[PDB]
file model.txt (compact mmCIF, C-alpha atoms and all ligand atoms)
# COMPACT_ATOMS: atom_id res chain seq x y z
CA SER A 1 0.00 0.00 0.00
CA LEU A 2 1.27 3.44 -1.04
CA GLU A 3 0.89 6.14 1.63
CA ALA A 4 -2.08 8.44 1.12
CA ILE A 5 -1.82 12.19 0.74
CA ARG A 6 -4.17 13.29 3.53
CA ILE A 7 -6.11 16.55 3.73
CA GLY A 8 -7.89 17.53 6.94
CA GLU A 9 -11.09 19.36 6.03
CA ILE A 10 -13.23 21.21 8.58
CA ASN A 11 -16.66 22.69 7.96
CA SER A 12 -20.10 23.60 9.28
CA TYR A 13 -21.92 20.44 8.14
CA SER A 14 -24.24 20.49 11.15
CA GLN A 15 -25.11 24.20 10.83
CA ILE A 16 -25.43 25.19 7.16
CA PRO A 17 -26.07 22.03 5.17
CA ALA A 18 -27.63 24.08 2.31
CA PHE A 19 -24.07 25.03 1.37
CA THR A 20 -21.94 22.34 3.01
CA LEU A 21 -23.67 19.19 1.70
CA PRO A 22 -23.40 20.17 -1.99
CA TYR A 23 -19.88 21.39 -1.12
CA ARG A 24 -18.92 17.93 0.11
CA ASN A 25 -20.47 16.40 -3.02
CA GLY A 26 -18.14 18.71 -4.99
CA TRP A 27 -14.93 17.90 -3.15
CA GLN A 28 -15.73 14.19 -3.08
CA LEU A 29 -16.30 14.28 -6.85
CA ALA A 30 -12.91 15.93 -7.37
CA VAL A 31 -11.18 13.39 -5.11
CA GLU A 32 -12.81 10.44 -6.91
CA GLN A 33 -11.72 11.81 -10.30
CA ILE A 34 -8.14 12.46 -9.15
CA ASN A 35 -7.80 8.94 -7.78
CA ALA A 36 -9.37 7.34 -10.87
CA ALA A 37 -6.83 9.23 -13.01
CA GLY A 38 -3.99 7.63 -11.01
CA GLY A 39 -3.72 9.66 -7.80
CA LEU A 40 -0.73 11.90 -7.12
CA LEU A 41 3.07 11.67 -6.83
CA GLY A 42 3.44 8.31 -8.61
CA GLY A 43 0.15 6.73 -7.56
CA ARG A 44 -0.45 7.85 -3.98
CA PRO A 45 -4.18 8.06 -3.22
CA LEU A 46 -5.71 11.37 -2.20
CA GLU A 47 -7.74 11.14 1.00
CA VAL A 48 -9.85 13.71 2.81
CA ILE A 49 -10.52 13.34 6.52
CA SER A 50 -13.38 15.69 7.38
CA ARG A 51 -14.76 17.13 10.61
CA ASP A 52 -17.64 19.31 11.77
CA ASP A 53 -16.91 22.63 13.47
CA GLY A 54 -20.42 23.32 14.82
CA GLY A 55 -19.97 26.83 13.37
CA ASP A 56 -17.61 27.53 16.28
CA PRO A 57 -14.00 28.80 16.15
CA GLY A 58 -12.94 26.86 19.26
CA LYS A 59 -14.39 23.60 17.96
CA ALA A 60 -12.75 24.17 14.56
CA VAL A 61 -9.30 24.65 16.13
CA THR A 62 -9.79 21.52 18.30
CA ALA A 63 -10.68 19.62 15.11
CA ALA A 64 -7.59 20.96 13.31
CA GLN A 65 -5.38 19.82 16.18
CA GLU A 66 -6.99 16.36 16.17
CA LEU A 67 -6.53 16.04 12.39
CA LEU A 68 -2.82 16.88 12.74
CA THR A 69 -2.03 14.84 15.83
CA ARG A 70 -4.23 11.77 15.28
CA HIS A 71 -4.31 11.54 11.48
CA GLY A 72 -1.07 13.27 10.44
CA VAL A 73 -2.82 15.28 7.73
CA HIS A 74 -0.51 17.00 5.26
CA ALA A 75 -2.66 20.14 4.98
CA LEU A 76 -5.81 21.70 6.43
CA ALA A 77 -8.72 22.99 4.37
CA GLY A 78 -12.18 24.39 4.47
CA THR A 79 -14.33 26.37 6.90
CA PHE A 80 -17.39 28.46 6.10
CA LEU A 81 -17.71 31.26 8.67
CA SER A 82 -15.18 34.08 8.48
CA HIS A 83 -14.26 34.08 12.18
CA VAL A 84 -13.88 30.28 12.12
CA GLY A 85 -11.56 30.65 9.11
CA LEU A 86 -9.53 33.27 11.00
CA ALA A 87 -9.17 30.95 14.00
CA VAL A 88 -8.08 27.95 11.89
CA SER A 89 -5.72 30.25 9.94
CA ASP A 90 -4.01 31.50 13.11
CA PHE A 91 -3.63 27.90 14.29
CA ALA A 92 -2.15 26.90 10.92
CA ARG A 93 0.31 29.80 11.19
CA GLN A 94 1.45 28.62 14.64
CA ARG A 95 1.83 24.99 13.48
CA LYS A 96 3.43 25.98 10.14
CA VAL A 97 1.00 23.88 8.09
CA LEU A 98 -0.89 24.79 4.91
CA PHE A 99 -4.47 25.92 5.41
CA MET A 100 -6.49 26.25 2.21
CA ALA A 101 -9.58 28.23 3.18
CA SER A 102 -12.44 27.38 0.82
CA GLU A 103 -15.54 29.39 1.67
CA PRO A 104 -14.78 31.97 4.42
CA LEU A 105 -14.94 35.34 2.70
CA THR A 106 -13.39 38.01 4.90
CA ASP A 107 -10.48 39.87 3.29
CA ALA A 108 -8.80 39.71 6.71
CA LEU A 109 -7.70 36.15 5.81
CA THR A 110 -5.53 37.49 2.96
CA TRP A 111 -4.78 41.04 4.09
CA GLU A 112 -4.81 42.33 7.69
CA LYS A 113 -4.47 38.88 9.25
CA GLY A 114 -2.84 37.20 6.25
CA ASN A 115 0.02 34.76 6.82
CA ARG A 116 2.54 32.51 5.06
CA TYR A 117 0.46 29.34 5.56
CA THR A 118 -3.01 30.53 4.59
CA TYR A 119 -4.46 30.63 1.08
CA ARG A 120 -8.12 31.28 0.21
CA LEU A 121 -10.23 30.35 -2.79
CA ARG A 122 -13.52 32.27 -3.00
CA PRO A 123 -13.78 35.99 -3.90
CA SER A 124 -13.59 37.94 -0.68
CA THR A 125 -15.84 40.47 1.00
CA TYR A 126 -13.76 43.22 -0.64
CA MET A 127 -13.94 41.60 -4.07
CA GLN A 128 -17.70 41.02 -4.01
CA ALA A 129 -18.30 44.42 -2.44
CA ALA A 130 -16.33 46.01 -5.29
CA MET A 131 -18.59 44.25 -7.82
CA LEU A 132 -21.72 45.38 -5.99
CA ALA A 133 -20.53 48.93 -5.19
CA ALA A 134 -19.77 49.48 -8.89
CA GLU A 135 -23.39 48.59 -9.66
CA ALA A 136 -24.73 50.74 -6.80
CA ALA A 137 -22.60 53.67 -8.08
CA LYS A 138 -24.59 53.70 -11.36
CA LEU A 139 -27.89 54.23 -9.56
CA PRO A 140 -29.19 57.85 -9.40
CA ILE A 141 -29.89 57.61 -5.66
CA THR A 142 -27.69 58.66 -2.71
CA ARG A 143 -29.35 57.49 0.53
CA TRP A 144 -28.29 53.96 1.53
CA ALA A 145 -29.04 51.73 4.50
CA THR A 146 -27.23 48.49 5.38
CA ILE A 147 -28.23 45.24 7.04
CA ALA A 148 -25.79 42.46 7.81
CA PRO A 149 -25.20 39.62 10.26
CA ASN A 150 -23.08 40.99 13.08
CA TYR A 151 -19.81 39.10 12.94
CA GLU A 152 -16.56 39.31 10.95
CA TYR A 153 -18.16 38.52 7.57
CA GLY A 154 -21.01 41.04 7.81
CA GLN A 155 -18.76 43.69 9.34
CA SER A 156 -16.20 43.37 6.55
CA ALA A 157 -18.79 43.23 3.76
CA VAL A 158 -20.52 46.41 4.94
CA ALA A 159 -17.24 48.26 5.64
CA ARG A 160 -15.97 47.47 2.12
CA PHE A 161 -19.25 48.30 0.37
CA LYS A 162 -19.37 51.68 2.15
CA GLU A 163 -15.70 52.44 1.41
CA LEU A 164 -15.96 51.50 -2.28
CA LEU A 165 -19.31 53.20 -2.91
CA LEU A 166 -18.22 56.41 -1.17
CA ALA A 167 -15.00 56.47 -3.20
CA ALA A 168 -17.06 56.38 -6.41
CA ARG A 169 -19.87 58.63 -5.13
CA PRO A 170 -18.66 60.98 -2.38
CA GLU A 171 -22.20 62.41 -2.05
CA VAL A 172 -23.67 59.07 -0.88
CA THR A 173 -24.89 58.95 2.71
CA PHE A 174 -25.47 55.94 4.86
CA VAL A 175 -28.65 56.73 6.75
CA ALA A 176 -29.11 53.54 8.80
CA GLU A 177 -27.28 50.37 9.76
CA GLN A 178 -28.82 47.21 11.17
CA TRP A 179 -26.76 44.49 12.82
CA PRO A 180 -28.82 41.40 13.74
CA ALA A 181 -26.85 38.57 15.37
CA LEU A 182 -26.18 35.72 12.92
CA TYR A 183 -29.21 33.40 12.63
CA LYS A 184 -31.07 35.53 15.21
CA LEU A 185 -32.79 38.17 13.07
CA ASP A 186 -35.73 39.88 14.77
CA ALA A 187 -37.30 40.82 11.45
CA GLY A 188 -40.13 43.19 12.42
CA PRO A 189 -38.17 45.76 14.46
CA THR A 190 -35.17 45.53 12.12
CA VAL A 191 -37.28 46.22 9.01
CA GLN A 192 -39.01 49.10 10.79
CA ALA A 193 -35.66 50.69 11.73
CA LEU A 194 -34.59 50.60 8.08
CA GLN A 195 -37.90 52.07 6.90
CA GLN A 196 -37.74 54.87 9.50
CA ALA A 197 -34.47 56.18 8.02
CA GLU A 198 -36.07 56.65 4.56
CA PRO A 199 -33.28 55.12 2.46
CA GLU A 200 -33.45 54.98 -1.33
CA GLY A 201 -31.20 51.92 -1.52
CA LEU A 202 -30.59 48.90 0.71
CA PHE A 203 -27.40 46.87 0.96
CA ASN A 204 -28.02 43.40 2.38
CA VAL A 205 -25.56 40.76 3.59
CA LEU A 206 -28.04 38.36 5.25
CA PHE A 207 -27.77 34.83 3.82
CA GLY A 208 -28.91 31.30 4.69
CA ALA A 209 -31.70 31.07 7.27
CA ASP A 210 -31.76 34.85 7.83
CA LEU A 211 -32.52 35.69 4.18
CA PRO A 212 -36.08 34.36 3.75
CA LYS A 213 -37.08 35.99 7.06
CA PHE A 214 -35.85 39.39 5.84
CA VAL A 215 -37.42 38.97 2.39
CA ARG A 216 -40.81 38.01 3.80
CA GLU A 217 -41.00 40.60 6.58
CA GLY A 218 -39.65 43.33 4.29
CA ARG A 219 -42.41 42.53 1.81
CA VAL A 220 -45.14 42.47 4.47
CA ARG A 221 -44.05 45.90 5.71
CA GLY A 222 -43.39 47.40 2.26
CA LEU A 223 -39.64 47.89 2.74
CA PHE A 224 -38.63 46.99 -0.83
CA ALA A 225 -41.26 48.86 -2.85
CA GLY A 226 -39.64 51.74 -4.73
CA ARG A 227 -36.19 50.92 -3.34
CA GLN A 228 -33.11 49.44 -4.95
CA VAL A 229 -31.68 46.39 -3.17
CA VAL A 230 -28.07 45.27 -3.56
CA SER A 231 -27.40 41.93 -1.89
CA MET A 232 -24.30 39.79 -1.41
CA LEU A 233 -24.66 36.04 -2.27
CA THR A 234 -28.42 36.20 -2.87
CA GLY A 235 -28.06 34.77 -6.40
CA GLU A 236 -26.43 31.61 -5.05
CA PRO A 237 -28.98 28.82 -5.52
CA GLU A 238 -28.49 27.48 -1.99
CA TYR A 239 -30.01 30.73 -0.68
CA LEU A 240 -32.27 31.75 -3.55
CA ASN A 241 -33.91 28.39 -4.32
CA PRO A 242 -35.66 27.74 -0.98
CA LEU A 243 -37.60 31.01 -1.42
CA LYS A 244 -39.40 29.42 -4.42
CA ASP A 245 -41.91 31.93 -5.89
CA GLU A 246 -41.17 34.37 -3.02
CA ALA A 247 -37.70 35.06 -4.42
CA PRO A 248 -37.02 38.81 -4.62
CA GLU A 249 -37.30 40.48 -8.03
CA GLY A 250 -34.92 43.12 -9.35
CA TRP A 251 -32.23 42.85 -6.67
CA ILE A 252 -28.63 43.40 -7.78
CA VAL A 253 -26.71 40.41 -6.46
CA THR A 254 -23.69 38.22 -6.58
CA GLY A 255 -24.54 34.58 -7.24
CA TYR A 256 -24.16 31.52 -9.44
CA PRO A 257 -26.36 31.16 -12.53
CA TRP A 258 -25.11 27.63 -13.17
CA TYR A 259 -28.23 26.75 -15.23
CA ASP A 260 -27.31 29.39 -17.83
CA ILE A 261 -23.53 29.02 -18.08
CA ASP A 262 -23.01 27.49 -21.49
CA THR A 263 -19.23 27.01 -21.71
CA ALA A 264 -17.99 23.44 -22.19
CA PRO A 265 -15.79 23.12 -19.08
CA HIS A 266 -18.59 24.34 -16.86
CA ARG A 267 -21.22 22.13 -18.50
CA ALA A 268 -18.85 19.15 -18.11
CA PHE A 269 -18.75 19.83 -14.36
CA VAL A 270 -22.54 20.24 -14.12
CA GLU A 271 -23.13 16.98 -15.98
CA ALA A 272 -20.45 15.01 -14.08
CA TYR A 273 -21.91 16.27 -10.81
CA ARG A 274 -25.47 15.34 -11.87
CA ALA A 275 -24.32 11.90 -13.00
CA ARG A 276 -22.58 11.27 -9.67
CA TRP A 277 -25.08 12.75 -7.21
CA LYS A 278 -28.42 12.85 -9.12
CA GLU A 279 -28.74 16.47 -7.97
CA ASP A 280 -28.16 19.90 -9.47
CA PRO A 281 -25.00 21.68 -8.26
CA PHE A 282 -24.99 24.64 -5.88
CA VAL A 283 -22.17 27.18 -5.59
CA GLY A 284 -20.85 25.11 -2.67
CA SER A 285 -20.38 22.24 -5.16
CA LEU A 286 -18.11 24.38 -7.33
CA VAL A 287 -16.24 25.63 -4.24
CA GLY A 288 -15.58 22.08 -3.02
CA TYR A 289 -14.51 20.88 -6.45
CA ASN A 290 -12.14 23.82 -6.98
CA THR A 291 -10.64 23.59 -3.50
CA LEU A 292 -9.63 19.94 -3.85
CA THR A 293 -8.48 20.46 -7.44
CA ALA A 294 -6.21 23.34 -6.36
CA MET A 295 -4.79 21.30 -3.48
CA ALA A 296 -4.11 18.25 -5.69
CA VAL A 297 -2.27 20.51 -8.18
CA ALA A 298 -0.19 22.00 -5.34
CA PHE A 299 0.95 18.55 -4.12
CA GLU A 300 1.72 17.39 -7.68
CA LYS A 301 3.68 20.55 -8.59
CA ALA A 302 5.49 20.54 -5.20
CA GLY A 303 6.65 16.94 -5.74
CA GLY A 304 5.95 16.14 -2.08
CA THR A 305 3.99 16.87 1.09
CA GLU A 306 6.59 18.95 2.97
CA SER A 307 4.82 22.09 4.19
CA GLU A 308 7.33 24.84 3.30
CA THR A 309 7.74 23.71 -0.33
CA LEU A 310 3.97 23.26 -0.60
CA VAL A 311 3.39 26.86 0.54
CA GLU A 312 6.04 28.14 -1.90
CA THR A 313 4.52 26.10 -4.73
CA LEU A 314 1.15 27.85 -4.36
CA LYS A 315 2.69 31.29 -5.05
CA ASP A 316 1.29 32.42 -8.45
CA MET A 317 0.23 28.80 -9.02
CA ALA A 318 -2.28 28.13 -11.80
CA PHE A 319 -4.93 25.39 -11.70
CA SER A 320 -7.66 24.36 -14.15
CA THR A 321 -11.30 24.70 -13.10
CA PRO A 322 -14.79 24.49 -14.65
CA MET A 323 -14.43 28.26 -15.22
CA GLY A 324 -11.00 28.02 -16.86
CA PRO A 325 -7.58 28.57 -15.30
CA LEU A 326 -7.39 30.34 -11.95
CA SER A 327 -4.33 31.19 -9.89
CA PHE A 328 -3.35 32.03 -6.33
CA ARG A 329 -1.63 35.39 -6.07
CA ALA A 330 1.82 35.34 -4.47
CA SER A 331 1.14 38.74 -2.92
CA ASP A 332 -2.01 38.03 -0.90
CA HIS A 333 -2.59 34.27 -1.30
CA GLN A 334 -6.01 34.97 -2.79
CA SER A 335 -7.28 32.99 -5.76
CA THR A 336 -8.55 34.79 -8.85
CA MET A 337 -11.92 33.01 -8.61
CA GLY A 338 -14.61 35.56 -9.46
CA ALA A 339 -18.35 35.78 -9.04
CA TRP A 340 -21.38 36.45 -11.19
CA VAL A 341 -23.23 39.77 -10.90
CA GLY A 342 -26.75 40.45 -12.14
CA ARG A 343 -30.39 40.95 -11.30
CA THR A 344 -32.80 38.54 -9.66
CA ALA A 345 -35.96 37.50 -11.48
CA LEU A 346 -38.59 34.80 -11.38
CA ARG A 347 -38.62 32.16 -14.09
CA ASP A 348 -41.46 29.63 -13.89
CA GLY A 349 -41.95 30.39 -10.19
CA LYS A 350 -38.24 29.96 -9.32
CA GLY A 351 -35.59 32.57 -8.55
CA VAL A 352 -32.90 33.04 -11.18
CA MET A 353 -30.37 35.67 -12.17
CA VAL A 354 -30.84 37.63 -15.42
CA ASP A 355 -28.70 40.24 -17.22
CA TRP A 356 -25.67 38.75 -15.51
CA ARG A 357 -21.96 38.72 -16.17
CA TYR A 358 -18.96 36.90 -14.78
CA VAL A 359 -16.48 39.19 -13.05
CA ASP A 360 -13.00 37.68 -12.86
CA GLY A 361 -11.44 37.98 -9.41
CA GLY A 362 -8.27 39.71 -10.63
CA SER A 363 -10.32 42.59 -12.07
CA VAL A 364 -11.51 43.69 -8.60
CA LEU A 365 -8.27 43.11 -6.69
CA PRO A 366 -5.84 45.88 -5.77
CA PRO A 367 -2.31 45.49 -7.23
CA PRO A 368 0.19 43.02 -5.68
CA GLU A 369 2.36 45.89 -4.34
CA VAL A 370 -0.61 47.37 -2.49
CA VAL A 371 -1.93 44.17 -0.88
CA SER A 372 1.53 42.97 0.19
CA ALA A 373 1.87 46.01 2.46
CA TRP A 374 -1.46 45.24 4.17
CA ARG A 375 -0.13 41.91 5.44
CA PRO A 376 1.80 41.47 8.72
CA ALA A 377 5.49 42.46 8.43
CA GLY A 378 6.65 39.05 9.73
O1 LIG B 401 -18.73 34.04 7.10
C1 LIG B 401 -18.44 33.92 5.89
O2 LIG B 401 -17.30 34.16 5.44
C2 LIG B 401 -19.45 33.45 4.90
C3 LIG B 401 -20.77 33.83 5.02
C4 LIG B 401 -21.68 33.39 4.06
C5 LIG B 401 -21.22 32.60 3.02
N1 LIG B 401 -19.93 32.25 2.92
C6 LIG B 401 -19.04 32.66 3.83
call {"tool": "encode", "arguments": {"input": "model.txt", "output": "structure tokens", "more": "lines below"}}
Ligand SMILES: O=C(O)c1cccnc1
result
Amino acid sequence: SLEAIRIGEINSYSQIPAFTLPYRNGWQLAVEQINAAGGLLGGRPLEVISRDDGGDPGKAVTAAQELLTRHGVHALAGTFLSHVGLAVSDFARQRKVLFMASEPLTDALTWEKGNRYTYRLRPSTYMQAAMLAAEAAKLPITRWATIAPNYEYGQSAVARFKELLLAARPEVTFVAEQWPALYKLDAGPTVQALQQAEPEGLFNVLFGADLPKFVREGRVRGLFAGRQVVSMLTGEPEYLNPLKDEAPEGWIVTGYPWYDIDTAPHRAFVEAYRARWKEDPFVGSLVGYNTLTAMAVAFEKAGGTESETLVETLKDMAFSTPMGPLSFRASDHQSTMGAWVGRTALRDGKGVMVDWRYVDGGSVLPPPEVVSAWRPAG
């Protein structure tokens, strides 16, 4: 038996299965394909040992330690919540082991709290806020209100949206901010506070379980009528689909219009996923698939599992995905994975995105010289 290459993956399987179950389907698909094609480094099988974090930073770090000390994993991967990602990243820094963050979005993972051992796949809060702020900047309104879950992710998303919109439109004013605790939205009073401030536009960061509550209560109380809504992640099917015919219309969102992407590599992924799982993909599926693909490429290009070489190998490293080649920047360890921007609509009683475009991640990233200086000096 040849020794496996082992990846320790940690995620919120118990807390946000809407994302994490299709995500696991995606990374498992990638692993199966890699092993069927001969494995890595002369035939070594790729193995993922996965753990639940309960959506908790402490539990995630305990899991990381167990993966290292009981299973001798060669790298860590995953997480969903931004503060959980930050905790696992700091642990990885201390232990000098690769951590490939998949889904946590805060730009703090690559910038303010960036480190040698941490790389991150998905487009960050900054990146998605840049996409959305550029759209908001074209609207002939000035009065904005924000609503976001009150933890690292929501805080970063709102801070970046405000910064980027104000830079484009110095006359914009932010007339209200609402900060429900994650998964604990008190919809009535929150909606009323937004209405009271008489905004023209709303910027929303609620996702998952919080989103339908906000959509429904906003509608009941007339919050959305005559207002523009700009909303991070709302076009991702894991959040949009459960709303069914109550999906919001005309919102400007980031999301994943997988049903309408016609390019061959993406269709190949959709069909391989459907054949394997008998389910449609969600954005989590693409995230899982890309994460394990990128990691497999890193091991293969490194020629081994040794941590320092592995980390060096990822600098400016390209990897093929269902959306074409992506790379990890040497400067901030951020992948060039982008997102899709467009408007929500109903199609046959289901939420979809229309008038959308793919925005490559590089196009909304500051230059390497700029981001390098935002990282810790040691
Ligand atoms: O906390 C995060 O980074 C987060 C929130 C929603 C979706 N993906 C990531």
call {"tool": "closest_residue", "arguments": {"input": "model.txt", "among": "A:5, A:64, A:202, A:232", "to": "ligand LIG 401 (chain B)", "atoms": "only C-alpha atoms and all ligand atoms"}}
result
A:232
call {"tool": "axis_aligned_box", "arguments": {"input": "model.txt", "around": "ligand LIG 401 (chain B)", "padding_each_side": "6 Å", "output": "JSON"}}
result
{"center_x": -19.5, "center_y": 33.2, "center_z": 5.0, "size_x": 16.4, "size_y": 13.9, "size_z": 16.2}
call {"tool": "residues_around", "arguments": {"input": "model.txt", "residues": "residue 282 (chain A)", "least_positions_apart": "3", "cutoff": "6 Å", "atoms": "all atoms listed in the file", "output": "list in words"}}
result
residues 237, 238 and 285 of chain A
call {"tool": "write_last_selection", "arguments": {"input": "model.txt", "atoms": "C-alpha atoms", "output": "compact mmCIF listing (two decimals), in the frame of the given file"}}
result
# COMPACT_ATOMS: atom_id res chain seq x y z
CA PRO A 237 -28.98 28.82 -5.52
CA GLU A 238 -28.49 27.48 -1.99
CA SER A 285 -20.38 22.24 -5.16
call {"tool": "closest_residue", "arguments": {"input": "model.txt", "among": "A:208, A:201, A:58, A:43", "to": "residue 236 (chain A)", "atoms": "only C-alpha atoms"}}
result
A:208
call {"tool": "residues_around", "arguments": {"input": "model.txt", "residues": "residue 281 (chain A)", "least_positions_apart": "5", "cutoff": "9 Å", "atoms": "only C-alpha atoms", "output": "PyMOL selection string"}}
result
chain A and resi 22-23+25-26+237+258+269-270+273-274+286
call {"tool": "residues_around", "arguments": {"input": "model.txt", "residues": "region 342-355 of chain A", "least_positions_apart": "3", "cutoff": "8 Å", "atoms": "all atoms listed in the file", "output": "list in words"}}
result
residues 235, 240, 241, 243, 244, 245, 247, 248, 249, 250, 251, 252, 253, 254, 255, 256 and 257 of chain A
call {"tool": "residues_near_ligand", "arguments": {"input": "model.txt", "ligand": "ligand LIG 401 (chain B)", "cutoff": "6 Å", "atoms": "all atoms listed in the file", "output": "list in words"}}
result
residues 80, 81, 82, 103, 104, 105, 106 and 153 of chain A
call {"tool": "closest_residue", "arguments": {"input": "model.txt", "among": "A:98, A:364, A:225, A:323", "to": "residue 262 (chain A)", "atoms": "all atoms listed in the file"}}
result
A:323
call {"tool": "closest_residue", "arguments": {"input": "model.txt", "among": "A:100, A:299, A:332, A:141", "to": "residue 315 (chain A)", "atoms": "only C-alpha atoms"}}
result
A:332
call {"tool": "atom_distance", "arguments": {"input": "model.txt", "atom1": "CA of residue 79 (chain A)", "atom2": "CA of residue 9 (chain A)"}}
result
7.8 Å
call {"tool": "atom_distance", "arguments": {"input": "model.txt", "atom1": "CA of residue 171 (chain A)", "atom2": "CA of residue 143 (chain A)"}}
result
9.1 Å
call {"tool": "decode", "arguments": {"input": "model.txt", "residues": "region 41-55 of chain A", "atoms": "N, CA, C and O atoms", "output": "short mmCIF file (atom, residue, chain, number, x, y, z; two decimals), in the first residue's frame"}}
result
data_model
loop_
_atom_site.label_atom_id
_atom_site.label_comp_id
_atom_site.auth_asym_id
_atom_site.auth_seq_id
_atom_site.Cartn_x
_atom_site.Cartn_y
_atom_site.Cartn_z
N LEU A 41 1.70 12.02 -7.21
CA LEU A 41 3.07 11.67 -6.83
C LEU A 41 3.37 10.18 -7.02
O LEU A 41 3.78 9.48 -6.09
N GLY A 42 3.12 9.69 -8.24
CA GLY A 42 3.44 8.31 -8.61
C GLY A 42 2.45 7.26 -8.15
O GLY A 42 2.81 6.08 -8.05
N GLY A 43 1.22 7.67 -7.87
CA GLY A 43 0.15 6.73 -7.56
C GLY A 43 -0.36 6.72 -6.14
O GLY A 43 -1.09 5.82 -5.75
N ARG A 44 0.03 7.73 -5.35
CA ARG A 44 -0.45 7.85 -3.98
C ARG A 44 -1.90 8.31 -4.01
O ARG A 44 -2.23 9.27 -4.72
N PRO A 45 -2.78 7.64 -3.24
CA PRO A 45 -4.18 8.06 -3.22
C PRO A 45 -4.38 9.35 -2.43
O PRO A 45 -3.71 9.59 -1.42
N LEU A 46 -5.31 10.17 -2.91
CA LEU A 46 -5.71 11.37 -2.20
C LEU A 46 -6.87 11.02 -1.29
O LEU A 46 -7.85 10.43 -1.73
N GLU A 47 -6.72 11.39 -0.02
CA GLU A 47 -7.74 11.14 1.00
C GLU A 47 -8.10 12.42 1.72
O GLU A 47 -7.22 13.24 2.02
N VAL A 48 -9.39 12.60 2.00
CA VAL A 48 -9.85 13.71 2.81
C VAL A 48 -10.45 13.16 4.09
O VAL A 48 -11.30 12.26 4.06
N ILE A 49 -9.97 13.67 5.22
CA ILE A 49 -10.52 13.34 6.52
C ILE A 49 -11.22 14.60 7.00
O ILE A 49 -10.59 15.65 7.16
N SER A 50 -12.54 14.51 7.20
CA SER A 50 -13.38 15.69 7.38
C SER A 50 -14.04 15.71 8.76
O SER A 50 -14.40 14.67 9.31
N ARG A 51 -14.21 16.92 9.28
CA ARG A 51 -14.76 17.13 10.61
C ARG A 51 -15.75 18.28 10.60
O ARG A 51 -15.65 19.20 9.79
N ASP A 52 -16.71 18.22 11.52
CA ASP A 52 -17.64 19.31 11.77
C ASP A 52 -17.08 20.31 12.76
O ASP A 52 -16.45 19.93 13.75
N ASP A 53 -17.32 21.60 12.51
CA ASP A 53 -16.91 22.63 13.47
C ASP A 53 -18.03 23.22 14.31
O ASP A 53 -17.79 24.09 15.16
N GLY A 54 -19.27 22.78 14.08
CA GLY A 54 -20.42 23.32 14.82
C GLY A 54 -20.59 24.83 14.64
O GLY A 54 -21.27 25.47 15.45
N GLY A 55 -20.01 25.39 13.58
CA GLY A 55 -19.97 26.83 13.37
C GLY A 55 -19.22 27.60 14.44
O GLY A 55 -19.47 28.78 14.63
#
